[PDB]
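Each chain is listed here by its residues.
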Amino acid sequence: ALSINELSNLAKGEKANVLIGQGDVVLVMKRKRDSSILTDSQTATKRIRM
Amino acid sequence: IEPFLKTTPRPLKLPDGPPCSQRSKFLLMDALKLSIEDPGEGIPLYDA
Amino acid sequence: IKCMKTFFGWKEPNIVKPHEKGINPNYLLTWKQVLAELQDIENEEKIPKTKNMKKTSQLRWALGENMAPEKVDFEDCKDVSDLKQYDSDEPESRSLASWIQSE
Amino acid sequence: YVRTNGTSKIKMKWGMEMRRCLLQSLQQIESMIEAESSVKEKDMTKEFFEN
Amino acid sequence: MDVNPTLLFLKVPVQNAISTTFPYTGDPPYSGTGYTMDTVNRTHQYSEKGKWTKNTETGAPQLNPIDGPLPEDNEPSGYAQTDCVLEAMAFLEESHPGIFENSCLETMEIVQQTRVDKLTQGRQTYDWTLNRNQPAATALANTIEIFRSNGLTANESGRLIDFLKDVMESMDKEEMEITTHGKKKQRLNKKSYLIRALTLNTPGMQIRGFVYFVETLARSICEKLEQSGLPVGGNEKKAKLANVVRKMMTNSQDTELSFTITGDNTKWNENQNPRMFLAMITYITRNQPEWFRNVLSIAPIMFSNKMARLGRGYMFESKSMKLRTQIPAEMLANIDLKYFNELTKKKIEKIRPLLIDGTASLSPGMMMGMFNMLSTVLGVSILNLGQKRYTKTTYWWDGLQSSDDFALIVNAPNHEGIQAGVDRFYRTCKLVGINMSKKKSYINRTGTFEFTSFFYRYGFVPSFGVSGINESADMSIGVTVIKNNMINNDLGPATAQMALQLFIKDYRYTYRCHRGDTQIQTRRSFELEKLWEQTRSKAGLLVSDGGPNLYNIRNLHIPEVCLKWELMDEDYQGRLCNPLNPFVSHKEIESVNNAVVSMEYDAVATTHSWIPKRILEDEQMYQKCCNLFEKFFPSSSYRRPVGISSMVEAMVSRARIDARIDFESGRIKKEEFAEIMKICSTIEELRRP
Amino acid sequence: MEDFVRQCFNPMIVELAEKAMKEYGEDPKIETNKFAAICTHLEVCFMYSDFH
Amino acid sequence: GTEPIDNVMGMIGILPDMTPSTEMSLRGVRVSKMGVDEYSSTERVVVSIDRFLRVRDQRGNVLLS
Amino acid sequence: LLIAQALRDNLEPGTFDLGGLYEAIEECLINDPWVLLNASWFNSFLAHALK
Amino acid sequence: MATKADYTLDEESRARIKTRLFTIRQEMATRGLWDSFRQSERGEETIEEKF
Amino acid sequence: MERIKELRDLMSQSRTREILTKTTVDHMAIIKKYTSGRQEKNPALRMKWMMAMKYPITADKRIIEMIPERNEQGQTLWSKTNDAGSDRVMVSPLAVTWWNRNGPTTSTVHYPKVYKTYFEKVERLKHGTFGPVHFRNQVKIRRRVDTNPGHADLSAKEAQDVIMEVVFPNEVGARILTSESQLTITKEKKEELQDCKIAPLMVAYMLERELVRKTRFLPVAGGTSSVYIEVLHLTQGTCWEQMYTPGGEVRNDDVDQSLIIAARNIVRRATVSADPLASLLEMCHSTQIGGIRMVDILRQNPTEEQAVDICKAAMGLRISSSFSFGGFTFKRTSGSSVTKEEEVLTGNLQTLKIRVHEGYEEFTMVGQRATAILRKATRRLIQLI
Amino acid sequence: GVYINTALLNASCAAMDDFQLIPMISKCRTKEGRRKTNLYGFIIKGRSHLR
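A. Highlighting the overall build of chain C. The helix and strand tally for chain C stands at three helices and zero strands. The C-alpha radius of gyration of chain C comes to 21 Å, more than 25% above the 13 Å expected for a compact globule of 103 residues. In terms of overall dimensions, chain C has C-alpha extents of about 55 × 45 × 25 Å along its principal axes. Put simply, chain C has 103 residues, and 17% of those count as buried. Considering only contacts within chain C whose residues lie at least 6 apart along the sequence, 43% involve residues at least 24 apart. If you sum the accessible surface of chain C, you get close to 9600 Å²; carbon and sulfur atoms cover 54% of it. Taking the 16 positively charged and 19 negatively charged side chains of chain C as two groups, their mean positions are separated by 9 Å.

B. Structural detail: the overall build of chain K. Assigned secondary structure in chain K consists of one helix and two strands. When its helices and strands are written in sequence order, chain K yields α-β-β. Its C-alpha radius of gyration of 14 Å places chain K more than 25% over the 10 Å reference for a compact globule of 51 residues. Considering only C-alpha atoms, chain K reaches an extent of 45 × 15 × 15 Å along its principal axes. The buried share among the 51 residues of chain K stands at 41%. Across chain K, contacts joining residues at least 24 apart in sequence account for 41% of those joining residues at least 6 apart. Accessible surface, chain K as shown: approximately 3000 Å² in total, 53% of it carbon and sulfur.

C. Structural context of the interface of chain J and chain E. Counting residues at the interface gives 128 residues for chain J and 141 residues for chain E. In total, about 12700 Å² of surface goes out of reach between chain J and chain E, with carbon and sulfur atoms giving 62% of it. If you sort the residues of chain J by the area they bury against chain E, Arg3, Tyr34 and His233 of chain J come out on top, with a joint share of 7%. Here chain J is connected to chain E by nine salt bridges. Of the charged contacts, one joins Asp658 of chain E and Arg3 of chain J as a salt bridge, the two residues approaching to 2.9 Å between their closest N and O atoms. Our enumeration of links across chain J and chain E arrives at 45 residue pairs in polar contact. Per-element tally for the side of chain J that touches chain E: the top contributor is helix 1 (residues 2-12) of chain J, with nine residues. For the side of chain J that touches chain E, the class distribution of residues is 64 nonpolar, 31 polar and 33 charged. By the bridge criterion, two bridges tie strand 11 (residues 611-612) of chain E to strand 1 (residues 57-59) of chain J in an arrangement that is antiparallel. Bridged to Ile611 of chain E within strand 1 of chain J is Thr58 of chain J.

D. Spatial organisation of the sheet that holds strand 2 (residues 34-36) of chain B. Spatial strand order, 2(B)-2(K)-1(K): three strands in an open sheet with antiparallel pairing. Edge strands, defined here as strands with exactly one partner in the open sheet, are strand 2 of chain B together with strand 1 (21-29) of chain K. Recorded for the sheet is a direction-independent mean angle of 30 degrees between the axes of neighbouring strands. Bridge count between strand 1 of chain K and strand 2 (residues 35-44) of chain K: eight bridges; the pairing is antiparallel. Each bridged residue has a counterpart across the sheet, and for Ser26 of chain K the counterpart in strand 2 of chain K is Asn38 of chain K. Relative to strand 1 of chain K, helix 1 (residues 2-14) of chain K is tilted by about 145 degrees, and along the sheet it contacts strand 1 and strand 2 of chain K.

E. Examining the environment of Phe46 of chain F more closely. Take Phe46 of chain F: it is sitting in helix 3 (residues 33-49). The class for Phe46 of chain F is buried, based on a relative accessible area of 14%. Measuring from C-alpha to C-alpha, the distance between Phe46 of chain F and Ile13 of chain F comes to 9.6 Å, with 33 residues separating the pair along the chain. Aside from chain neighbours lying at most four places away, what touches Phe46 of chain F is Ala44, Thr45 and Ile48 of chain A together with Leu16 of chain F.

F. Spotlight on the packing of aromatic side chains. Scanning the model with the defined rule gives 39 aromatic pairs over all chains in all. Judged by centre distance (6.0 Å) and plane angle (50 degrees), the rings of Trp10 of chain C and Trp31 of chain C are tilted. Taken together, the residues span a long stretch of sequence, with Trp10 of chain C in the segment before helix 1 (24-43) and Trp31 of chain C in helix 1 at a distance of 21 residues. A relative accessible area of 34% places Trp31 of chain C in the partly exposed class. Between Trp34 of chain H and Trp41 of chain H, the ring centres sit 5.1 Å apart and the planes meet at 90 degrees, which makes this aromatic pair edge-to-face. A residue is classified by how much of its surface remains accessible, and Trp41 of chain H, at 11% relative accessible area, is buried. One aromatic cluster in this structure is built from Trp565 of chain E together with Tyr111, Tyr115, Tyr118 and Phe119 of chain J. In this arrangement the basic side chain of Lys9 of chain D is found over the ring face of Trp49 of chain J, its NZ or CZ atom lying 4.5 Å from the centre. The residue whose ring lies beneath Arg286 of chain E is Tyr283 of chain E, and the NZ or CZ to ring-centre distance is 4.5 Å.

G. Layout of the interface of chain A and chain I. Tallying the contact residues gives seven residues for chain A and five residues for chain I. For the pair chain A and chain I, the summed buried surface comes to about 580 Å²; carbon and sulfur atoms form 53% of the total. Applying the counting criterion to the chain A and chain I interface returns one salt bridge. Taking the shortest distance from any N to any O, the salt bridge between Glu12 of chain I and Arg33 of chain A comes out at 2.7 Å. The interface formed by chain A and chain I contains one residue pair in polar contact. Residue composition of the side of chain A that touches chain I, grouped by class: two nonpolar, one polar and four charged.

H. Inspection of the side chain of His233 of chain J at higher detail. Here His233 of chain J lies in helix 12 (residues 232-235). Given the relative accessible area of 0%, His233 of chain J is considered buried. A polar side-chain atom of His233 of chain J sits 3.4 Å from the main-chain carbonyl oxygen of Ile553 of chain E.

I. Region of the structure containing a negative patch on the surface. Together, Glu2 of chain B together with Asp17, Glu23 and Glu27 of chain H line one region of the surface with negative charge. In this structure, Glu2 of chain B sits in strand 1 (residues 2-3).

J. Structural detail: helix 3 (residues 100-113) of chain E. Helix length check: helix 3 of chain E, at 14 residues, gives a terminal C-alpha distance of 20 Å against a target of 20 Å (1.5 Å per residue), a fit within 8%. Tucked into the core, helix 3 of chain E has its buried residues touching helix 2 (82-95), helix 5 (160-170), helix 7 (210-224), helix 9 (274-284) and helix 10 (290-293) of chain E together with strand 5 (44-45) of chain G.

K. Structural detail: the environment of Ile44 of chain K. Residue and element names in this part refer to chain K. Locating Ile44 in the fold gives a position in strand 2. Its relative accessible area of 62% is what places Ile44 among the exposed residues. Residues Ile44 and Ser26, 18 residues apart in the sequence, show an inter-C-alpha distance of 17 Å. For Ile44, the residues in contact, after removing those within four places along its chain, are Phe19, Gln20 and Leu21.

L. Focus on the packing of helix 21 (residues 647-663) of chain E against helix 1 of chain J. Direction vectors running N to C along helix 21 of chain E and helix 1 of chain J enclose 150 degrees, while the axes themselves pass 11 Å from each other. As judged from the angle between their axes, helix 21 of chain E and helix 1 of chain J are roughly antiparallel. Note that helix 21 of chain E runs across helix 1 of chain J; the crossing there is left-handed. For the pair formed by helix 21 of chain E and helix 1 of chain J, the contact residues are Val648, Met651, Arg654, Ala655 and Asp658 of chain E on the first element and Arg3, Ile4, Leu7 and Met11 of chain J on the second.

M. A look at the pattern of salt bridges. Inspection of the entire model under this criterion finds 78 salt bridges over all chains. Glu18 of chain J is the partner of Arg148 of chain E in a salt bridge, and the nearest nitrogen-oxygen pair spans 2.3 Å. Residue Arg148 of chain E is located in helix 4 (residues 136-150), and its partner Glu18 of chain J is located in helix 2 (residues 16-22); the two belong to separate chains. In this structure, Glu40 of chain J engages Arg46 of chain J in a salt bridge whose closest nitrogen and oxygen atoms are separated by 3.2 Å. Its relative accessible area of 21% is what places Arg46 of chain J among the partly exposed residues. One connected set of salt bridges, linked through shared partners, spans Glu145, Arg148 and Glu156 of chain E together with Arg15 and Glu18 of chain J.

N. Main features of empty space enclosed by the protein. If you add up the space inside the largest cavity, you get close to 210 Å³. Surrounding the largest cavity, 16 residues form its lining, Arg148, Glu156 and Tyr622 of chain E together with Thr23 and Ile31 of chain J being those nearest its centre. Counting only elements with at least two residues in the lining of the largest cavity, the list comes to helix 4 of chain E together with helix 2 of chain J. The element that contributes the greatest number of residues to the lining of the largest cavity is helix 2 of chain J, accounting for three residues. For the second largest cavity, the lining is made up of 14 residues, of which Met486 of chain E together with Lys140, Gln236, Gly237 and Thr238 of chain J are closest to its centre. Elements that contribute at least two residues to the lining of the second largest cavity include exactly helix 15 (477-487) of chain E together with helix 12 of chain J. By residue class, the composition of the lining of the second largest cavity is six nonpolar, five polar and three charged.

Cut-offs and rules
Within each chain the numbering goes from 1 in written sequence order, not necessarily matching the entry, and residues lacking coordinates are not shown. Chain letters and ligand numbers both follow the written order, the letters beginning at A and the numbers at 1. The displayed chains are a subset of a larger assembly; all values refer to this subset. With hydrogens and water set aside, each side-chain value is computed from the structure's full complement of heavy atoms. Note on conventions: DSSP H or I runs of at least 4 residues are helices, E runs of at least 2 residues are strands, and numbering of each starts at the N terminus. Atoms counted for the radius of gyration: C-alpha only. Globule rule: 2.2 Å times residue count to the power 0.38. Burial classes follow relative accessibility: with a 1.4 Å probe on protein chains only, a residue under 20% of its type's maximum area counts as buried, one over 50% as exposed, and anything between as partly exposed. In what follows, residue pairs with any heavy atoms lying within 4.5 Å of each other are defined as contacts. Under the convention used here, a 1.4 Å probe and the Shrake-Rupley method define accessible areas, while residue burial counts only the protein chains that appear. In this tally, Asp and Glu contribute negative charge and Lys and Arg positive charge; neither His nor the terminal groups of the chain are included. Charge positions are represented by NZ for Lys, CZ for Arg, CG for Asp and CD for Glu. Accessible area that two parts lose when put together, with a 1.4 Å probe and added across both, is what the buried area reports. Each reported salt bridge corresponds to a side-chain nitrogen of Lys or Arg within 4 Å of a carboxyl oxygen of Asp or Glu. The definition of a polar contact used here is a pair of N or O atoms within 3.5 Å, where within protein one atom must be able to donate a hydrogen and the other to accept one, and adjacent residues in sequence count solely through side-chain atom pairs. Put simply, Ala, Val, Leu, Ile, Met, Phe, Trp, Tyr, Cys and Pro go in the nonpolar bin, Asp, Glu, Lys and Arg in the charged bin, and everything else, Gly too, in the polar bin. Paired strands are those between which DSSP finds at least two bridges. Only the contacting stretch of a helix is used when fitting its axis, a line to C-alpha atoms as for every element, and angles between N-to-C directions run 0 to 180 degrees. Paired rings are identified among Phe, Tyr and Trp, the last through its six-membered ring, by centres lying within 6.5 Å, and are further divided according to the angle between planes into stacked (under 30 degrees), edge-to-face (over 60) and tilted (the rest). Charge-over-ring placement is defined geometrically: NZ (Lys) or CZ (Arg) within 6 Å of the ring centre, and within 35 degrees of the ring normal. Distance thresholds for patches are 9 Å for like charges and 5 Å for nonpolar side chains (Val, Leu, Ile, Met, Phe, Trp, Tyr), applied to residues having over 30% relative accessible area and no salt bridge. Any helix carries an expected span of 1.5 Å times its number of residues minus one. With respect to orientation, any angle under 35 degrees is reported as roughly parallel, any angle over 145 as roughly antiparallel, any angle of 65 to 115 as roughly perpendicular, and every other angle as oblique. Crossing handedness: left-handed means the near helix sits turned counterclockwise from the far one by under a right angle, and right-handed means the same turn made clockwise. Here a cavity means grid points, on a 1 Å grid over the protein atoms only, where a 1.4 Å probe fits yet cannot get out; a pocket means an open set of points with protein on both sides within 12 Å along at least five of seven lines; lining residues are those with an atom within 4 Å of a point. Grid points are joined across faces, edges and corners, and a volume is the space filled by probe spheres set on the points.

This is the structure in structure tokens:
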């Protein structure tokens, strides 16, 4: 495992496992694409509301 | 409700018996005072 | 108003030189209130032709209305040790500077 | 005048606050002065303590 | 001239000089089982005409006065009526639409999000594990340990309601085995455990939970009502009084005759029957989840079966041998009475039947506190049955209530109307259960009155010294108090300066901080003397050191260190504000500027921030584990940690990670690294079982 | 709980869950654990389908 | 209109010309000296919203049209 | 004292039980010099104020 | 988990939902709600709090 | 290396292993509250008693190597007693002055910026201006006002996320890393507090004290600002008013009015649409006021304006029961009412339909420049103060 | 009172088991200005093992 600091040295898609927060270790990876909660989430929800 | 007129108040009945005796820690008025004009080391026994 | 519409470079006011013996924040807020009042005139219909500013603590303090000493008869303030003849001595001599020559 | 008394810590700290007693006296006097000053719209400290 | 200070009231109105009528400026130095017996007996004398039943579980004789005969005299009585209380609550709800329903939801969020540590916040509590008073946190720890030993461990969820489920599960256990550390184990019969659970003290850890939910529901209700000033303090209660008075004494016509009834309720904590509180919570929680009525209606059920403990006992002495025993309260039930006096004879004879294994059976009463806020709701119920709609007549009344403190106003058209209104309010209160005190209540036309030490007369009219925590945490607490009272409690300028002067005198005499120049001789004198010579600028020195004062009135809020900063020496700043002090100590965000006195004071964590000196098997086990975890995760002291791993797993993971980044940095001398990793392997092996 | 349910989950999924309970005659307020479960299920389903 | 006031505790009345008066004051309008205190709570609640931006409540009184 | 002062203001003070109040005051005057002196002061104040 | 160890999504899209589930767990645990929510599960039915 | 030994020896005994293994990291703060002892009633008395004896104050076992056991006159600065159970050696208060006089100096440049919330007070009073005291009868309303100038308008929960990211970078949680809200303050403080050795916990406390707002419901009689309420004890009194002016800096409450404008526009363009809820929610989750997403602002600010109120309500947020009319918000204290739209005729014999509020109710009509209490029945203005 | 109680408290804490002799001193500032010290009596403390 790494520390939340060492995660600074990763590529745009490299996977590393870090000690997140107070305790548990979770495998982590940098994100591709913005991946926000903008209209895209609304479309899946409002389309069904027809 | 009973009225409270100027004739209503009654003097408090203070108790009866032997006269009361003082109980303070130190004498209040009947206290002599041996004085000194020390301008003293800040010590109790020195000045005493 | 037709003149202040000619400038589009208004920024957030910042104090670059304080008065150093006065009331800086209420000088800043008087400007930030002048801008607001001029905005209100624009939103209203027709020019009032005279804009009386809202009497607020900022204007009162900037104008000095809240600093002026209160008049008191001599009988009351006899004991106050700070009484002294007005302008007792303040001919502070200040030397010549070039800014007047440039002016 | 010789007597055999007795004391405890609570009584000791209680006796170490007669300056708080001073505070209470000043509080009452200042309350009266402030009331009269408000009524007459000026400071009556000098009038109270010198007249 | 025989000086008579009270005659001063011949010129100044009493309210304008009421200060002189309060003798003590602090806590008086002065201050038994007899009182407990008296309070137990008087409660049963107020309910003589009540059903005498025998609880089949605790085996105690209980007295039920509810729905009893109506009182036939002005004497205090507790024969309250269920119909009347329910009607009063119903009319309260109608006046304030959707108050109970809206307040129940605000309690739903608190009956679920609350953890099991809320039972530690409090004061000394009775400990059923040892029959001895003992702090709240340690009492909770002991209870949890005994439950775990007995096999009731649902409290491991960290939720208070789960702990309540555990205590109710215990209430059915046949035997509760208590292990005491010699290592002696004692088993309690179900009955023996019950009485030790439903026991007040001169109330157990098994009742702090339910009485917390009931109290928070009552607080939620009282916040909404404007006729209740209990869930507030100071400025709040100074506004409700003014609003009510200005509302009622501004009569639209001269016909109305206002009248205020400043007064108190006598025996207010011996007539508020718990059964009555159960009968108003089953109304408040109407159309609510059935699990939300079985958690707020437990404390009233338990308080009506309470077995109050008498206390210590009486001491017997012989004038010949000058002996002194204690006669523990347990044996009072089975003892020859020739020893006792006459008054104690009568008291013990009266209370003898009510005793069960040395425990009283105070069913028909409610001890101090314990729904101090629900009773306020009950009282405001009858201050609401006067709104001119439920009276149907000319007279109408309002006012406030603060748990045995009311300021009822009785507006009416004539004196007979006022008398009728007062009489009706008194009779309604007697029906509901409230007994007004006629020996402490005086009615006078509106304009001047009194409400729990607030003396209103056309306008409204012990915390000075060293608090004793630090040296910089007192020069902040005292100066903060001198301004809190100067903003809130009308303390004036000159009094503020006098208080500041006397506070600094107490400060310098308690911490031996007298100025360097003065020649008072103490242990700290010499050191300060030297410190008074090195410094070039002496204004900068802290009052804690030999130094001047600078607090007048205009900087009573500025903390001292920031006040004397431009005036301080660099060689002095360095030593004073040196983060590597061996004195500075603070291990929790709780107490990082918070003194019980809980007060929020300002400090700058200088060398003066020091700390003064001072059943489980190891009382520090939880402390040991938490300190170790804080060592592994420093932010454990600031923000409540959140995670899914167990404490050991997280600690070992961080231990392994830190070492690897250290040896990779060359600060651990590899030989140490291998030892640390093998130790981690050993600990991980110990976790496998 | 329900306050958190409204806070995190957007009103869309909130209303979808509302109608889901209404179909089975479940109070959205008396029942809150089921409300949160349904909201989580709907959001995970939509996030599964979306972006493909 | 205007009605008489009895000068209870000191409460200046307001005339229809918006001027002080110690005896005559508007109907039910009693200007108060010594200030009128505000409140210390807001009573936050959740309110249903209709489809036309009218924030009614569970009781049925419009709050902010 | 508050009842008496209310009377002095012509506020028409009332009472529901005054004998009880007097008994309450008198139950605490037993054997204390300061308390008895305060009681004497109170009696003099009553004699001089309400009359 | 999935049947036959087959996950019909790209890794980055199977991550964007596990991430939000973890975040919801954290935000629902810092509010003291996570513990109650966990015990509410039985089989596939979510029982309601009972007292 | 010693801490892991401590953990190993704790786990050796099989009674603390249960607590150390079965207590998830979530259930650590509820274990941290099982303290021992009885605290202390009457602490002032205990302090006056302690200072009488010698060696009152405990210190960690480091003085031994940096404070001589005796000064240059032969007075025992510290002892070796290990207060109660701990490594803390007892110490006499002479040690404090010895440190303050013959002690390790240092450079204090991080103090005037870590403790900004106090030096701001100092520099604000140092430039304040005073005016004449006016002894007019003061009227003091009881307004609820802000008592923390320069609070940086953060809530009490995102401030924690800022602290965890400035003082504890290696303990940040999932909710922060897997996010895209870096904030600006967290980049300034991280730069300023780059080498501070002060007291990580104390740094956190000071940051959360500076980055939060609070209100007190105080008897104010003018000013009402965030800076005029710290000097309330100096400006106003029961019978005097000392005219005063803090001379520091103010906050620009422009974000709130920008939020109000954005909410107004959004509500108009959503109600003029086919499905108002979708437009409202999408705009809130998409529109940004000065870069910040409007959802964060709505969940952060306490601003109470109509448009913002509707925006929050449509997002399922608690909204004040008080209703605002004519610029004054009317908090109901008692009574019930029904709208009951009925018909009436105006002065010019014009038909009109108005909600006849049926029911007797009492309101507190609080406003910016006035206050009142109004109790009224149906078509009956009973009383208005 | 405050001086006597302070001195007696310090004596009680310092010497638990000694009958230390505590004077009853006070300190004035005479009308002229010269400081003056005053002895009123002597106090002999007892065993002061206060728990």
